[PDB]
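For reference, the chain that follows is the form deposited in one PDB entry, supplied as structure tokens.
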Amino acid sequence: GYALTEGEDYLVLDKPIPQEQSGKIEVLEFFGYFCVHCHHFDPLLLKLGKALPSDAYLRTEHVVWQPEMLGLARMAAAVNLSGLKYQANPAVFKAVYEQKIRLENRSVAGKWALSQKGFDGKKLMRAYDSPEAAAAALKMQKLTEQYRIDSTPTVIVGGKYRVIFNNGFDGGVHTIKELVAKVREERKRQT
């Protein structure tokens, strides 16, 4: 099978990241659109996300390490606020990592978004402009600094378990699935 041994598969965080929901097991991913490993790992992570039972969920946050790149953090806010994660991610990652398009810039984003064709780019920009998006951008920066996120992708399952990708990011999916099972059993009540 696939036993979960500490200091091997995962590390118990020093200082847990509060889930945005009590009652369900959070799978948290920090990432950047400029990160070749996030880009590659993203299809696999969304797939896991879509298959997660109803008691668990995926949450993704975009690291902010330099003020100039808060706009990428804001584009991620758009993507998610808009409900377009499953549609837009591949395209967004592509534009940023493969095409070096500067989506942190607003004129550029809006243009790219509306030039798109595989999802409602209009919707995306409605959300990108929403004041809720800027607020989420700042919370993302806050999250980065507050919890010392110095590498992407960082996956914390259930607030208190940090994934160690000792056999590749591809190998971490079936570790994340086990961490949710671990938190579930930790949550579960008796008689």
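A residue's number is simply how far along the shown sequence it sits, counting from 1. We call the rigid core whatever largest set of C-alpha positions still superposes within 1.5 Å between the two forms.
Keep in mind the form deposited in another entry is missing from the figure; the text below concerns it.
When two forms of a protein are overlaid on their rigid core, residues whose CA moves 2 Å or more are considered shifted, and residue 149 is not one of them between this form and the one not shown. With the core held fixed, the Cα of residue 126 is displaced between this form and the one not shown by less than 2 Å.
After superposing the rigid core, the Cα of residue 37 is displaced by 2 Å or more between this form and the one not shown. Cα of residue 64 to Cα of residue 100: at least 3 Å longer in the other entry than in the shown structure. Panel note: the distance between the CA atoms of residue 40 and residue 123 is smaller in the other entry than in this form, the difference being 3 Å or more.
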